[PDB]
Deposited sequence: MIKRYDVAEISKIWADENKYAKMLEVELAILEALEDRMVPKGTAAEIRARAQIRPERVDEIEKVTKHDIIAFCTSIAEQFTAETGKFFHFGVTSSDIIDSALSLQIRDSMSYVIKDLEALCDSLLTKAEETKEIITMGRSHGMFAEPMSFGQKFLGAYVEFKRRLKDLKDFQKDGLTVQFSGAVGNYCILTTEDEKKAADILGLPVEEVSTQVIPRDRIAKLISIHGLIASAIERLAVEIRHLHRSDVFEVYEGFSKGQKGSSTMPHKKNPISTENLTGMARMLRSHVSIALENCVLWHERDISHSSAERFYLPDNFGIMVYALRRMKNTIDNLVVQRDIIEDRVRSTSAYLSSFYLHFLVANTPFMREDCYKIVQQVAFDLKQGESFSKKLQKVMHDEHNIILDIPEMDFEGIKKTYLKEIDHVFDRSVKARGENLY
């Protein structure tokens, strides 16, 4: 992480002080559970009330121990009598503490992500509603195809971020775990009863099969969801960048006029996407555990959450402040009439007994397009029918016909 994009409350979660604070919370959870066995009652409460987190001291100890968790434990134990600290870190392996505390950091980080993802959805739906009745040229291969609702662009992103929001809420309900299973998930000293009591104190479920570590596919699953979110961010950023260009000029980022925010967000999306492979590779641990995932996690996890929160907040503000240039958007529809050939062709195919090439050759052969067309049938083919006017109001009625249904099905409230 760098200062330019640092969200303070997110970096605080991953800072050494909170890292040790969460490990301490996990230590005291199992210590309190063990008060039902050999630990004197009140011990955990006593340590909780006094224990200080001292990262510089931990660092100093680690220079000698060459082991960060031993250094952490030493930094806590040296604040209490030998008697009070006796059962601190008893029966657990270091990673029981590390991985359980890690879940706490992830849990707290997810809370911010989810809040900011909801906020972004709300902004997109607001924008979609605001522009729902603006008619614009839909484009395929970058080429004009048919008119459509401009608002449907924002609604399309809205429903995609909503899909991701459901994924995250599903993971929040069921995703994270803790473990107090000892050296290799074998419960030499601890019991599954101790572990369950500690887990209940922390408010998370127990890993079904832990080893020395919690299996890394849980993290990988979350990071995968974040990868899909990165694609949603990038697709929306790219849409805005396209509409922003001088040639199109249908929107501009609110504040010489450049899409610098959505370009920035494209870069953020690339970063988030690059973490997916790391998380997948960190799963392939040797036997009951290898520590290779540790150094990688120290880099990418704080960055992943920090970039994710930064990006969702920046995208929300960009959407809120985006200027939509209605007249430019709609004049472009006015300026193009090519799509109408297919409309009339279909209309004839549907309302007359003639075939494609026949209906085609007529429309092709052919001031109101509708009028002269309807005149031709009566005059030559002696067929009479009420061909709808295609003037701009008729074009809107035609190409925005189902927009209310599309919004209804996309939004839970409607």
query	finding
Coordinate gaps, deposited numbering	256-267, 379-385, 434-438
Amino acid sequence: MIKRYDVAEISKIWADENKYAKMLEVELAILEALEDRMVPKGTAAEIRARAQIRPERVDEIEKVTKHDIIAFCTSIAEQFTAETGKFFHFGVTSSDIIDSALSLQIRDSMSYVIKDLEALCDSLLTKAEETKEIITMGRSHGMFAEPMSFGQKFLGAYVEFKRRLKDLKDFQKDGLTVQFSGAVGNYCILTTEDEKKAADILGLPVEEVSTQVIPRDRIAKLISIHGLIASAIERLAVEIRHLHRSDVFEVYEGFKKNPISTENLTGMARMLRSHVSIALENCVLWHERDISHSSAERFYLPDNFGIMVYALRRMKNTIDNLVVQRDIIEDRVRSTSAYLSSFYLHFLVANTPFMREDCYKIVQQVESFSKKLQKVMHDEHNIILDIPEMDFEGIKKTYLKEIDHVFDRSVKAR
From here on, numbers count along this sequence of modelled residues.
| item | value |
| --- | --- |
| Per the entry, higher mean C-alpha B factor between 162-170 and 336-344 | 336-344 |
| Greater mean Cα temperature factor according to the PDB record, 281-289 or 128-136 | 128-136 |
| Candidate set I383, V58, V26, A51 [ranked by C-alpha B-factor, highest] | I383 |
| Deposited CA B-factor, highest of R298, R241, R314, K86 | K86 |
| Assigned third (lowest, middle, highest) for the C-alpha B factor of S100 | lowest |
| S181 CA temperature factor, ranked by third within the chain | middle |
| CA B-factor placement of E193, once the chain's modelled residues are sorted into thirds | highest |
| Among modelled residues of the same chain, the CA temperature factor third for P147 | middle |
| Within-chain third of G91 by Cα B-factor, per the entry | highest |
